[PDB]
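Report on one structure; see the data block that follows.
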Number of protein chains: 4
Amino acid sequence: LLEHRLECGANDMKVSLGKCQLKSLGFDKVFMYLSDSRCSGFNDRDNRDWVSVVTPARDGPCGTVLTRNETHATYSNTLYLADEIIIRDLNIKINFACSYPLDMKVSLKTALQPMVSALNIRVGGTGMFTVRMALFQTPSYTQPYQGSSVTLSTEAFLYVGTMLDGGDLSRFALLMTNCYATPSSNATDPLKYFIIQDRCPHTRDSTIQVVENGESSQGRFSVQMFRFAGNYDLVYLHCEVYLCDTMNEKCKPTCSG
Amino acid sequence: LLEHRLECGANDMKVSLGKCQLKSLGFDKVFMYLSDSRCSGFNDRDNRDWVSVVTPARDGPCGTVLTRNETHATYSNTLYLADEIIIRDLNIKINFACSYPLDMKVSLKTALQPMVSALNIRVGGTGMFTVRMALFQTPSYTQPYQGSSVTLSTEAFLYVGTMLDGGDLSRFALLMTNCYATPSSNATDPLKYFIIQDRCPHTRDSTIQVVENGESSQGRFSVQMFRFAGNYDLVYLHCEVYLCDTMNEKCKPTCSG
Amino acid sequence: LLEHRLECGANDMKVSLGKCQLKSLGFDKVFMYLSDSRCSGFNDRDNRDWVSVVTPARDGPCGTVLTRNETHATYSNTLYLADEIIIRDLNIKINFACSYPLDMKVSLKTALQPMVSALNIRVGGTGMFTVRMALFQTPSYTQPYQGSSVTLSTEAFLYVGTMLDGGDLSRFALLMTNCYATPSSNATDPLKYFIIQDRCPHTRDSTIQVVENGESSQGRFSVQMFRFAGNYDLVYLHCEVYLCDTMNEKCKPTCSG
Amino acid sequence: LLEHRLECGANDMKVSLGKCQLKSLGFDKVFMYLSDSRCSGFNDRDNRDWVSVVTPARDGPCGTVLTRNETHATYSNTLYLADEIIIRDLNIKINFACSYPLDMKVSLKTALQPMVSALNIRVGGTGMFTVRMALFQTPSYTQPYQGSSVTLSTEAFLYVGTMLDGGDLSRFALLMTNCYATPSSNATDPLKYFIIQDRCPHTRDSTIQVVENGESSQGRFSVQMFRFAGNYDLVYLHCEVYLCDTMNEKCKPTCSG
Ligand SMILES: *[C@@H]1O[C@H](CO)[C@@H](O[C@@H]2O[C@H](CO)[C@@H](O[C@@H]3O[C@H](CO[C@H]4O[C@H](CO[C@H]5O[C@H](CO)[C@@H](O)[C@H](O)[C@@H]5O)[C@@H](O)[C@H](O)[C@@H]4O)[C@@H](O)[C@H](O[C@H]4O[C@H](CO[C@H]5O[C@H](CO)[C@@H](O)[C@H](O)[C@@H]5O)[C@@H](O)[C@H](O)[C@@H]4O)[C@@H]3O)[C@H](O)[C@H]2NC(C)=O)[C@H](O)[C@H]1NC(C)=O
Ligand SMILES: *[C@@H]1O[C@H](CO)[C@@H](O[C@@H]2O[C@H](CO)[C@@H](O[C@@H]3O[C@H](CO[C@H]4O[C@H](CO[C@H]5O[C@H](CO)[C@@H](O)[C@H](O)[C@@H]5O)[C@@H](O)[C@H](O)[C@@H]4O)[C@@H](O)[C@H](O[C@H]4O[C@H](CO[C@H]5O[C@H](CO)[C@@H](O)[C@H](O)[C@@H]5O)[C@@H](O)[C@H](O)[C@@H]4O)[C@@H]3O)[C@H](O)[C@H]2NC(C)=O)[C@H](O)[C@H]1NC(C)=O
Ligand SMILES: *[C@@H]1O[C@H](CO)[C@@H](O[C@@H]2O[C@H](CO)[C@@H](O[C@@H]3O[C@H](CO[C@H]4O[C@H](CO[C@H]5O[C@H](CO)[C@@H](O)[C@H](O)[C@@H]5O)[C@@H](O)[C@H](O)[C@@H]4O)[C@@H](O)[C@H](O[C@H]4O[C@H](CO[C@H]5O[C@H](CO)[C@@H](O)[C@H](O)[C@@H]5O)[C@@H](O)[C@H](O)[C@@H]4O)[C@@H]3O)[C@H](O)[C@H]2NC(C)=O)[C@H](O)[C@H]1NC(C)=O
Ligand SMILES: *[C@@H]1O[C@H](CO)[C@@H](O[C@@H]2O[C@H](CO)[C@@H](O[C@@H]3O[C@H](CO[C@H]4O[C@H](CO[C@H]5O[C@H](CO)[C@@H](O)[C@H](O)[C@@H]5O)[C@@H](O)[C@H](O)[C@@H]4O)[C@@H](O)[C@H](O[C@H]4O[C@H](CO[C@H]5O[C@H](CO)[C@@H](O)[C@H](O)[C@@H]5O)[C@@H](O)[C@H](O)[C@@H]4O)[C@@H]3O)[C@H](O)[C@H]2NC(C)=O)[C@H](O)[C@H]1NC(C)=O
Ligand SMILES: *[C@@H]1O[C@H](CO)[C@@H](O[C@@H]2O[C@H](CO)[C@@H](O)[C@H](O)[C@H]2NC(C)=O)[C@H](O)[C@H]1NC(C)=O
Ligand SMILES: *[C@@H]1O[C@H](CO)[C@@H](O[C@@H]2O[C@H](CO)[C@@H](O)[C@H](O)[C@H]2NC(C)=O)[C@H](O)[C@H]1NC(C)=O
Ligand SMILES: *[C@@H]1O[C@H](CO)[C@@H](O[C@@H]2O[C@H](CO)[C@@H](O)[C@H](O)[C@H]2NC(C)=O)[C@H](O)[C@H]1NC(C)=O
Ligand SMILES: *[C@@H]1O[C@H](CO)[C@@H](O[C@@H]2O[C@H](CO)[C@@H](O)[C@H](O)[C@H]2NC(C)=O)[C@H](O)[C@H]1NC(C)=O
């Protein structure tokens with residue numbers, strides 16, 4: 001028939017009923033007692049007109065009894081409800097209880113910042129990233145060629161490329177900047193024929209075609225095979241590469257005039 | 001206080017300290033952390049007992065930072081050194097870094113051998129090497145005589161020689177094999193008096209003496225002058241020479257009996 | 001397809017091709033190498049625009065090889081022909097060689113003129129040329145008569161002549177200048193009858209006729225026989241002759257008035 | 001130093017030296033040349049071992065030169081003397097020449113004997129030789145007596161003789177054979193007194209004496225004068241004479257008993 005506002009703070013229990021009792025149960029005048037009848041109710045106004053009692057959550061200050069469990073401390077008492085000093089039709093009692101946990105967690109809000117003497121040691125060094133080169137037997141760059149020598153007719157079409165195996169593959173593209181054939185295993189020699197001379201292919205010779213350079217970890221290009229004029233019989237391939245920053249630079253070169 | 005083993009490969013950085021920390025710093029138990037504290041150290045055994053961490057040379061996989069220059073990519077992180085979960089006397093930190101060049105050079109190891117159609121043209125011919133002869137005015141073979149005729153008494157002593165001027169002087173010695181006087185400018189005539197007849201001088205006549213033949217580019221010999229008996233008045237000198245292989249033959253002849 | 005100019009001197013070999021290669025083989029630009037590729041060609045102009053190389057005829061200065069025979073020293077090398085640093089359709093090579101004889105003949109050009117003391121001996125003497133005379137039995141002067149005496153009637157016709165047997169027959173004609181009969185074997189005697197008196201016959205007597213005198217080696221004439229008047233019985237014939245220069249004189253006399 | 005044998009025939013000149021050159025000039029071996037050096041010497045043996053050359057007496061067959069004069073044809077050449085093919089101490093030359101006359105005399109040796117018709121005329125006659133007689137006035141027969149008559153006393157002594165004047169005085173002596181006195185001029189008369197009767201005087205008469213008869217051209221005798229007895233007065237003398245062959249006869253008579 002009635003609403004029930006129960007609040008429990010750390011120090012005291014409060015219990016109240018509203019102005020619903022102005023009509024409900026016919027309570028023209030309202031009495032409210034706890035088990036110690038010296039503790040009577042009053043009329044609060046902070047939120048609404050409320051009829052209420054207040055009892056400390058202690059053993060016995062208004063007769064309240066404390067039940068003790070492993071998980072909680074429980075306090076209990078009873079409101080007695082009446083419209084008169086004496087009653088004759090219905091003994092109305094509101095039995096109420098509330099509990100508190102005994103297990104809780106806490107923390108300091110101040111952060112502590114320590115300071116300490118310190119020793120600073122430095123060391124340092126260097127290393128390199130593996131790059132390799134390969135010649136292919138097949139159009140689609142697919143197939144390995146291991147042999148320490150390959151013989152070809154001059155009508156044959158080499159396919160070739162370079163690969164970045166080492167690491168940091170998202171940051172560095174493999175960019176060829178210079179690539180050339182020599183008649184010697186020493187890569188420094190006075191006679192060079194150029195396929196890629198300055199970040200661009202030597203497209204003046206129509207038999208050179210480039211597939212991919214600077215966009216990935218594996219560069220690809222192709223050219224018809226040839227023989228050095230003069231008293232020569234072997235062809236060696238040498239090139240120069242550069243690890244190109246994929247974040248702070250355009251790595252794909254423009255080859256034009 | 002401590003040694004430092006730093007290795008950098010193409011994929012990962014490794015950093016280690018040895019069992020020197022078994023006594024040094026009192027590290028009964030050893031902790032080792034990088035800037036991402038989820039990456040902790042371990043105990044390696046491939047060479048010695050080493051305490052070490054391993055981090056890929058990438059952006060951030062254990063908090064490692066990459067600094068970028070024009071000449072190098074540099075990676076850096078820090079070891080934290082401790083004997084306990086918590087510390088109180090010295091914050092020990094090892095700051096380390098290593099770098100990699102961005103400019104590198106590469107090569108193919110396979111040699112390429114081309115084949116090609118060929119055209120073969122031959123030509124050929126012949127030539128000769130200049131040899132000359134001279135008469136001298138003086139003992140030491142020194143002096144020229146240009147004149148188109150020389151008059152001498154019969155008490156006079158001619159000095160004469162031949163010279164190889166043409167070329168290939170290290171391979172061919174000038175060897176006289178035959179030399180004779182005629183009463184005529186035609187060198188073929190029926191009357192001959194011999195100075196050198198068959199690779200040797202006609203030493204039967206005591207007035208002939210040879211200096212050098214077959215050892216050099218200039219041969220030398222001498223003989224008292226004479227007149228052809230009969231109705232004759234002029235003397236002409238003619239000889240035959242041979243270019244002698246200094247490598248595959250003894251060129252100095254032996255004149256004996 | 002091409003001409004070939006090969007010259008070999010005593011010191012160096014020269015080899016060249018002309019401007020035929022301006023169109024031939026499409027050689028827009030011309031490369032020319034020997035087996036040592038450091039020796040390259042050049043553009044000569046002394047006769048025409050020629051493309052050429054020059055190599056000393058030695059062992060190895062541009063890789064040239066020397067083959068040695070008994071008769072010759074032979075040098076050989078190869079031109080490599082190309083229109084580009086590198087080639088792809090035809091390896092064009094010109095193989096060339098030239099040789100030199102090892103056996104040669106030489107001479108001094110100065111003539112030598114000796115002088116010598118001399119001894120001069122003279123001797124000298126004299127001699128004579130045989131001439132003979134004959135009487136003939138027959139008209140055509142043909143027949144010999146040996147007999148130490150011949151008897152004739154006075155109606156008989158002697159035929160007579162003289163002959164030059166001795167020598168120098170082209171230079172000397174036999175010329176009779178005087179001829180006469182005596183009554184004695186002494187040829188000097190006071191009585192003479194003349195047939196030929198002074199380079200001419202005594203034609204006043206009609207019985208004398210001359211055939212040939214001064215034109216040949218055998219003179220001929222005839223006269224009817226006769227007897228000396230008086231106490232005489234024998235006839236002897238005597239004559240005088242002269243050897244006439246056939247080169248510096250007319251030998252045929254003119255007999256007239 | 002050397003002898004020189006020079007002979008010249010009608011056809012050829014010969015010139016030689018002997019074995020004196022075996023020691024002289026040291027000519028161990030002997031060379032001998034003329035001006036045409038193709039004509040060399042040889043070793044003759046017909047008389048001795050001689051070294052010699054032979055050249056026809058013509059223009060140029062071994063280079064010999066002919067000089068022509070009015071009196072002679074002269075030929076000249078030179079020997080060259082040597083002990084070797086070539087010489088050095090003395091050029092030895094023998095200059096020689098010989099000549100032939102151009103004027104010569106010749107004869108036929110056959111004698112010619114003519115025969116001829118002949119005419120024979122004879123004539124003939126006779127003559128006489130003058131003899132005379134004389135009377136003398138004086139003892140020595142000396143004096144003439146011309147007178148046509150002489151008177152004498154009878155004591156007188158006539159002297160008388162005869163003379164042969166005519167001729168042939170060497171062949172004929174005048175021989176008186178008969179002589180007598182007559183008393184008459186007719187010499188035939190019957191009375192004769194004889195002085196010489198028969199080749200002898202009538203010496204019985206002591207007054208007759210004969211001087212010379214038959215030995216010469218003049219006979220002589222004498223007798224005392226006398227007169228014929230009887231009638232007579234004149235005395236005449238007559239005699240008979242005979243021409244006596246002085247070659248085939250004794251002409252002096254012997255008068256005896
Ligand atoms: C130690 O001691 C402590 C302190 O006593 C014990 O902790 C307490 O345990 C109690 C028992 O579980 C909790 O009580 C409540 O029990 C109700 C069940 O019984 C009542 O309801 C039945 C109705 O359900 C029945 O339906 C039919 C019949 O109708 C049956 O056939 C059927 O079988 C059902 O049982 C009645 O029949 C019965 O007679 C009882 O009257 C639960 O319903 C109740 O659940 C409530 O949970 C919360 C409580 O409010 C809090 O949360 C809300 C969240 O929105 C918040 O708004 C509030 O302000 C509160 O903070 C609400 O959702 C409802 O009110 C539910 O009804 C309870 O379970 C005590 O709550 C509990 N005390 C606590 C936790 O502080 C502890 O168990 C002991 N330890 C031991 C024994 O080891
Ligand atoms: C782009 O970015 C790249 C990457 O960072 C740059 O390349 C780096 O340049 C750095 C600067 O030159 C190099 O660092 C090292 O610098 C040292 C100098 O400073 C330190 O040392 C001083 C001591 O010397 C001083 O003495 C007194 C005081 O004591 C002073 O008064 C005096 O003036 C001196 O300065 C300290 O004072 C100072 O505070 C610093 O601590 C150099 O000594 C050092 O040289 C070392 O060189 C090699 C390195 O090891 C390699 O080679 C050996 C060969 O045997 C091999 O064994 C190893 O394994 C390595 O391969 C060793 O011989 C010694 O360790 C030397 O000490 C350096 O020069 C970086 O090394 C360099 N990084 C490279 C090259 O990868 C680049 O310059 C930038 N590009 C620009 C700016 O254009
Ligand atoms: C020691 O070593 C010396 C140096 O090598 C030797 O001397 C050399 O001997 C060589 C061999 O004889 C000479 O070579 C030349 O050989 C040619 C023959 O073979 C080539 O030709 C054949 C064609 O003839 C064939 O026809 C058919 C097929 O087509 C066959 O069925 C047939 O049987 C024929 O063989 C090819 O088949 C063959 O494969 C070869 O290619 C000769 O023809 C050549 O003669 C040339 O002679 C002169 C050379 O030029 C000089 O003279 C001219 C004169 O006008 C002048 O103008 C030049 O400037 C030169 O001065 C030319 O008239 C032509 O060019 C001829 O073709 C040769 O005979 C070498 O020449 C020779 N080297 C000399 C001499 O310096 C020597 O023999 C060795 N001693 C030994 C072994 O004892
Ligand atoms: C036409 O051409 C013909 C042919 O040439 C001419 O005939 C020739 O004339 C020549 C000149 O007369 C004759 O030559 C001989 O000349 C000698 C003289 O000169 C040489 O001798 C001198 C020595 O005498 C000198 O002494 C001192 C110095 O020492 C002086 O001071 C002095 O004044 C003297 O000159 C040298 O000085 C001089 O340099 C010359 O060397 C004559 O001596 C020589 O007489 C020789 O006569 C005969 C020759 O031999 C023949 O006869 C002998 C008889 O027994 C016989 O045995 C031989 O077999 C020969 O048949 C010998 O008795 C001696 O040998 C004498 O020395 C000559 O007179 C040529 O003989 C002569 N040729 C003939 C004749 O065939 C002709 O004259 C021309 N017609 C003209 C010009 O009209
Ligand atoms: C590569 O080849 C060269 C010769 O072609 C070798 O020699 C070097 O050549 C360069 C110029 O081409 C010179 O600057 C050096 O001084 C030379 N070095 C020597 C040691 O001579 C060179 O050594 C070769 N490289 C190798 C074999 O790795
Ligand atoms: C050299 O002289 C000779 C004559 O002495 C010249 O004639 C040749 O002689 C040889 C034998 O000596 C013969 O086999 C040849 O047939 C001759 N040739 C002629 C053309 O007659 C020879 O010509 C001279 N050489 C020269 C002038 O160079
Ligand atoms: C030739 O006959 C004459 C006589 O008729 C010989 O005598 C010579 O005669 C010439 C004159 O006729 C004189 O000048 C000489 O003096 C004479 N010589 C002598 C020696 O008397 C002459 O000898 C005869 N010739 C001969 C025989 O050969
Ligand atoms: C000489 O005298 C006589 C006479 O005495 C002459 O007469 C001759 O005499 C001889 C005899 O005596 C006779 O035989 C002759 O016959 C006589 N001749 C004549 C002619 O009578 C004689 O004639 C006288 N002579 C003279 C004169 O001369």
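Each position is counted from 1, following the chain as shown.
So how was this one determined? The header says electron microscopy, 3.5 Å.
Just so you know, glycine gets a Cβ as well, placed from its N, Cα and C.
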Candidates are D:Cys62, D:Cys98, D:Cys179. Which one does Swiss-Prot pair with D:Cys239 through a disulfide bond?
D:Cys179
Give the sequence-ordered list of residues that share a chain with D:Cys251 (disulfide bond), lie 6 or more positions from it, and have CB atoms under 8 Å from its CB.
D:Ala173, D:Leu175, D:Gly214, D:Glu215, D:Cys244, D:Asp245
Cβ distance under 8 Å to D:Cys179 (disulfide bond), same chain, sequence separation 6 or more: which residues?
D:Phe194, D:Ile195, D:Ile196, D:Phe221, D:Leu237, D:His238, D:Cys239, D:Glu240
Within-chain partners of the region 'Internal hydrophobic patch (IHP)' (D:127-138) [C-beta distance under 8 Å, separation at least 6 from its ends]
144-145, 150, 158-168, 172, 174, 237, 239, 241, 243
Distant-in-sequence Cβ neighbours of D:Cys39 (disulfide bond), under 8 Å, six or more positions away
D:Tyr33, D:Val53, D:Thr55, D:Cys62, D:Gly63
Listed recorded positions with Cβ under 6 Å from ligand 8, out of D:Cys39, D:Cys179, D:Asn186
D:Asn186
Students should find that the recorded positions D:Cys8, D:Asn69, D:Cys179, D:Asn186, D:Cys239 with a Cβ under 8 Å from chain C are D:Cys8
For D:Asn186 (N-linked glycosylation site), the spatially nearest of the disulfide-bonded residues D:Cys98, D:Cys200, D:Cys255, using Cα atoms, is D:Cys200
For D:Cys200 (disulfide bond), which of the recorded positions D:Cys8, D:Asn69, D:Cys98 has the nearest Cα in space?
D:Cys8
Can you tell me which of the recorded positions D:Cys8, D:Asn69, D:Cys98 is spatially closest to D:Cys255 (disulfide bond)? Compare CA atoms only.
D:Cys8
Those residues of the chain, 6+ apart, with a Cβ under 8 Å from that of D:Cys8 (disulfide bond):
D:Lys14, D:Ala57, D:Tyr75, D:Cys98, D:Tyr100
Would you count the other CB atoms within 10 A of the CB of D:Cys200 (disulfide bond), including those on all shown protein chains?
15
